[PDB]
Amino acid sequence: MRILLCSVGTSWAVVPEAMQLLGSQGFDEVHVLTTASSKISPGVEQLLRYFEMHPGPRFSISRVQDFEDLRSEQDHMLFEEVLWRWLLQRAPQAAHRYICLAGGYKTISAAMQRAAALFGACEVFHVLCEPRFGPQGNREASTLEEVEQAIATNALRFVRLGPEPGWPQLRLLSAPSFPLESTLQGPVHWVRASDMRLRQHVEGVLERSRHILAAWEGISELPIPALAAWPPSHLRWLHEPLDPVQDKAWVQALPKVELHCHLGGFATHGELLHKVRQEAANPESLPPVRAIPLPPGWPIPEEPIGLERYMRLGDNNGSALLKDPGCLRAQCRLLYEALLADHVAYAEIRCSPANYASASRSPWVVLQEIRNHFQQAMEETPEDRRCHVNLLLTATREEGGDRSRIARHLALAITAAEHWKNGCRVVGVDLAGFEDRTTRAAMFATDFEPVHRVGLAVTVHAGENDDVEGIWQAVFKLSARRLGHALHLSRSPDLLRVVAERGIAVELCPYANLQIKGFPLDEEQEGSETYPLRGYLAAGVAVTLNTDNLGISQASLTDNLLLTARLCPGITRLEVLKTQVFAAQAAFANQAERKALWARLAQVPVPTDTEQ
Amino acid sequence: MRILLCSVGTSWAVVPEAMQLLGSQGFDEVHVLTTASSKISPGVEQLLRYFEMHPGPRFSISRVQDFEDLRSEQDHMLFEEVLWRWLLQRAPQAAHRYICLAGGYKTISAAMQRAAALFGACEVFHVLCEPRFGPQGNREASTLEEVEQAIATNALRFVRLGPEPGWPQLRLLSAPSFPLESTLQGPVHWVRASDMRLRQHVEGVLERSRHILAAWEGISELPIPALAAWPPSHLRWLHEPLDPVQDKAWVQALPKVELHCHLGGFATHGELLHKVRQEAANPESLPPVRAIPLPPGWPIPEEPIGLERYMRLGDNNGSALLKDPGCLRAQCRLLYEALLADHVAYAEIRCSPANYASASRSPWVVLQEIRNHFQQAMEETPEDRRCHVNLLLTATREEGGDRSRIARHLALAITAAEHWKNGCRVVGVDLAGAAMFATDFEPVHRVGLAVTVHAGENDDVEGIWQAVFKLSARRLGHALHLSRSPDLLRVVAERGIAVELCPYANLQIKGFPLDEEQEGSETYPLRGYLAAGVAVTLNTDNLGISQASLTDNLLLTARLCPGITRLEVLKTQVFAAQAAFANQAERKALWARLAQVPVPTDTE
Ligand SMILES: Nc1ncnc2c1ncn2[C@@H]1O[C@H](COP(=O)(O)OP(=O)(O)OP(=O)(O)O)[C@@H](O)[C@H]1O
Ligand SMILES: Nc1ncnc2c1ncn2[C@@H]1O[C@H](COP(=O)(O)OP(=O)(O)OP(=O)(O)O)[C@@H](O)[C@H]1O
Ligand SMILES: [Mg+2]
Ligand SMILES: [Zn+2]
Ligand SMILES: [Zn+2]
């Protein structure tokens, strides 16, 4: 089976001439598309007559209604937009198509040759008749007799350039997808192009291909393989330094991952603290709102305020408050809205249910409510806009240490891990207060064999400190898989290798680290006191950027990603985009949750200021 | 610059008119391509006349010295070759390239257009002149005076089609790569094409670029990202089950990673055993060659012979022979050339230097020599086929309670960890075996050494638990009973711990059904581990006792695990590449070797 397709200009003999390209085998179905010019209609009748005679195969004559003649580029494109549509309907496949570019404009033959290499074809050929006919014998065949003279006298030359396989994304463009309006004005199919959709599709299938092939070299330096379809000018933008003020609208739209977030430090002051209190189940046991003054310049202080002072800023929330069932519900719902305004796709919230247990509300009752308040908010959100929330139970700070309180949280986490197997889950424990030397014994004095034997992951909170010996015991004694605020790894080069090669992730909180211990800002060169984010990446450490306390720090996740530009000199926009892939791998998520998080991470927003 | 390329034929006024595309500014140097036909010569003389009477931009006239009239596609093939090469010489840049497809045959314009669509161009226009000239005012301006009036009277209408982006890997082709010979028969540069490289290097690019696009979406499933450039038939042959008869040549040519290989069990008998004894420094001390019979069916025994009988099968080599300084070189060199013949790109050899120490050669002297016998062999191999060898020290539990050997090996590994920073390195210790939990393996962890633990012959699930969390093992050897504990099989996958599996050593020790029509209750746990997300690696263990190379071990999986595909054998190599104890420099060099996957030969 073989379709024939050719363009007809002012000479119609080409169509009967191409009929002999296969000797006497001909074509199983021929088609002719030409213009609406008044000089073409006269040739239509001749082909109709010649189609009336020798009517072996099926015939069809079509003319572009909206293309009289070539006056401007708008005309060629108009006919170009129709050729592909007509080329799909008449020719459904690419292995049966045969094309001739004899009749038509020099820009119409170019529209025929190009059109074949895009949707695939079996062959493209040309015809050239000897000018040994007509009066004086110095002209080519122009009558039904002269044409048959050259047909029977071997006066036609066929220049067959060769077949075209076609591109992969265009061999499935079916004509029904791009309908062509055909009018039956007798034996002529006058066609009209409804929309320019097909052209807007091919230009989108060949534009994306050229971008992928230009990025098939650094495809291993790209954290997200979906960045390949990005224009080369955009990929050069991605490789330049981050701008904290120009990229705010790009970082704010990134699908991010949260791994370090305390539930009790969320709404500590401002319009949010007063909103949590208004939800109290009994607005009579709420303690008086203290007056905790934020240090000057908050969120960016003038000097570090130490860890002890940093905790005290969250005294209007936490253990006091949220013991009320109504105020706890508000926190678990006002916090999920924050994770939706940051475009966070996966979050692990750190909670201490034993801090919220009253005489009638056991730690399990509190933990069961926290899980169900996030699971309801998760279910009331579209699957494409839904932030997945998992829970970590915290072995708290110096408030802990007692044997009768660090093993109650471990038992609570073990029971919860086996309880919920879908939706919001308890995925691990957070050994906070690990930097407390007194509580250090309590952490190593308690057995963690049950925690590891049930599949719960351990993350260690290496807060403000300089004891590199604690990090060694966290990796090898507690089998921790993540490290919190490990800001002095570069000092011990031998420990930086162990962390990098073993795959332990490091949780860095830009704002919390700046407000507690302080770091140089905007320095033109990397010195000795500089933030270690860029040194960890060079050493092969899987670093992640988190918020820690959305309320105490007064900075969102976007404000933490932007501060790295002013905190690490030279950090690029592919570096921040790379920490989101490290976080996705450091998350204590199962296969189902990971597969849903990579889909969200593979939707990096396109930049807008890629013009210089 | 605004270089312009013009094609000419029986009409020559196109070039003088095409030069007006830019208006009064014009071009800086317009170039013309022409054939060898005599009929075009009158235009050529007129074209030179126009150029000489219109001085300015560099004017060049080139004729196709091997094409005179369109007769067959052979002429067409020769036209494009020169055309592309001609366009690669007269117009180097893609922003200075202005092309006019008017002049020439009907197939010439397509080549002038298609070629632009492949190499790009600033513009490929089309100048049309009003037929208001000639003696009767009916023909297009043909003479010198008519062309001027056509330009002067604005009888020109240029049909601009647009610029051309081209293709990324094709928008770099320079002139010297595909040169040309221009015979100066006067002001005309008669050009000709020597070879056809500019049509085989181009036609093949679009072949590879369509494979990438087709297989790009189906990516992230290929362990090696470079496989996307494979033909779809090849990329679909990769997803079919392995066939350990027809694939003995593709598996043999694969770059492989060796993570479990014992030095002392290499040349245990046969021709290799005598080539190690033959090089002994003190032939008067070589022990007599004990008679050790191999169970019938070796390497495939009719029944599992257990571990105790397996060890005794290699009693003609090892500490018996390796205490000789000369026999320790043949072992280290006859072993490195066995990995070269197997295409191994990175290997970790397990040795016990304390078993070869005499009263004059301390364990450090033996290790000092083993390291330099591998480093010397590595440096004497080209850096293209060079297998990088690292060393693990095996601290085997002894059946005397004698833990002095354990102490010497652990101290030796810590000492050698800092000594060597390049070339062959001691990268970890092998805990081939409660005492180790009282051994205080912390010091090896503090110096950066990795730990590998052989899983005992018993189904000691509590043993694999303590290796992961007490010994902090990063790899597990012979952990065939992981599926027993569903919670353990999930901890191993989530922590990224790798499992070292030896298809022959496991078959000849425990025994597994072979070529069973479907998965059963006593099948090799390869596919079960892979499905559970466990990082699995296939090794040789003892290349001498087992009598099988790394290639044979990979093929035996086609029988132990029915339905295993050829993409899985590549996954095990990527898992090994990430489970290796190599550093960044070594890992970077190993990824380059892995990326050179051999291409399937049948595919049909
Ligand atoms: N620095 C921190 N370390 C650990 N958990 C913290 C920290 N700050 C806040 N939290 C979170 O707060 C919750 C319990 O602590 P909470 O905020 O109630 O503090 P507290 O010590 O009980 O008293 P206060 O009311 O003065 O804050 C848990 O979610 C815990 O994760
Ligand atoms: N498949 C196996 N399973 C367990 N242990 C093994 C296996 N293969 C070898 N071993 C033991 O592991 C250690 C590896 O050391 P190696 O084989 O290089 O030494 P050797 O020179 O053969 O020692 P020997 O003096 O015992 O003969 C030895 O104890 C060897 O017996
Ligand atoms: Mg031995
Ligand atoms: Zn914290
Ligand atoms: Zn072993």
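To find a chain, count down the sequence lines: A is the first, B the second, and so on, and within it residues start at 1. Both counts, for ligands and for their atoms, begin at 1 and track the order of listing. Only heavy atoms go into these numbers, but all of them, side chains included; no hydrogens, no water, no symmetry mates.
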Rounded to 10°, the NE2/B:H260 to the Zn ion (ligand 5) to NE2/B:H454 angle comes out at 90°
Sidechain N-carboxylate O distance under 4.0 Å for B:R475, B:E348: yes
Any idea which protein heavy atom is nearest atom 3 (N) of ligand 2, and the distance to it? B:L307 CD1, 3.8 Å
Parallel, tilted or perpendicular: rings of A:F476 and A:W472 (30°, 60°): parallel
Check step by step if salt bridge (charged side-chain N to carboxylate O under 4.0 Å, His left out) holds for B:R559 and B:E516. CA-CA 8 Å; B:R559 314 182 53 196; B:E516 80 268 22; over 6 Å; no
If the cut-off is 4.0 Å to any non-hydrogen atom of B:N542, which atoms of ligand 2 fall inside it? 1 (N), 7 (C), 8 (N), 9 (C)
Inspect the contact between B:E369 and B:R361 and indicate whether a charged nitrogen and a carboxylate oxygen are less than 4.0 angstrom apart. yes
Test ring pair (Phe, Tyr, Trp, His ring centres under 6.0 Å) on B:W298 and B:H269 and set out the steps. CA-CA 13 Å; B:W298 217 243; B:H269 65 279; 8.9 Å; no
Tell me, please: is B:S352 in heavy-atom contact with ligand 2, that is, under 4.0 Å? yes
Measure up the B:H454 and B:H262 rings against each other and bin them: parallel (under 30°), tilted (30 to 60°), perpendicular (over 60°). perpendicular
For atom 22 (O) of ligand 2, what is the nearest protein heavy atom, given as residue, atom name and distance? B:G264 O, 3.6 Å
Show which atoms of ligand 2 fall inside a sub-4.0 Å distance from at least one heavy-atom site of B:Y356. 18 (O), 19 (O), 20 (P), 21 (O)
Looking at B:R312 and B:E308, is there a salt bridge between them, counting it only when a charged N and a carboxylate O are closer than 4.0 Å? yes
Looking at atom 14 (C) of ligand 2, what's its closest protein heavy atom, distance included? B:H262 ND1, 3.1 Å
Kindly give the atom name of the N, O or S atom of B:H262 closest to the Zn ion (ligand 5). NE2
Would you tell me which option among B:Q331, B:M311, B:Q508 has the nearest heavy-atom contact to atom 6 (C) of ligand 2? B:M311
Judged on heavy-atom distance to atom 23 (O) of ligand 2, which of B:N316, B:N355, B:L322, B:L321 sits nearest? B:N355
Aromatic plane relationship, B:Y524 with B:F512 - under 30° parallel, 30 to 60° tilted, over 60° perpendicular: perpendicular
Answer yes or no: is there an ion pair linking B:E337 with B:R333, defined by an N-O contact shorter than 4.0 Å? no
Specify whether an N/O/S atom of B:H478 falls short of 2.8 Å from the Zn ion (ligand 5). no
Would you mind telling me if ligand 2 is within reach of the side chain of B:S319, the backbone, both or neither, using heavy atoms under 4.0 Å? both
Quick one: look up the protein heavy atom nearest atom 13 (C) of ligand 2 and list residue, atom name and how far away it is. B:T396 CG2, 3.5 Å
For ligand 2, which atoms sit closer than 4.0 Å to a heavy atom of B:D541? 1 (N), 2 (C), 8 (N)
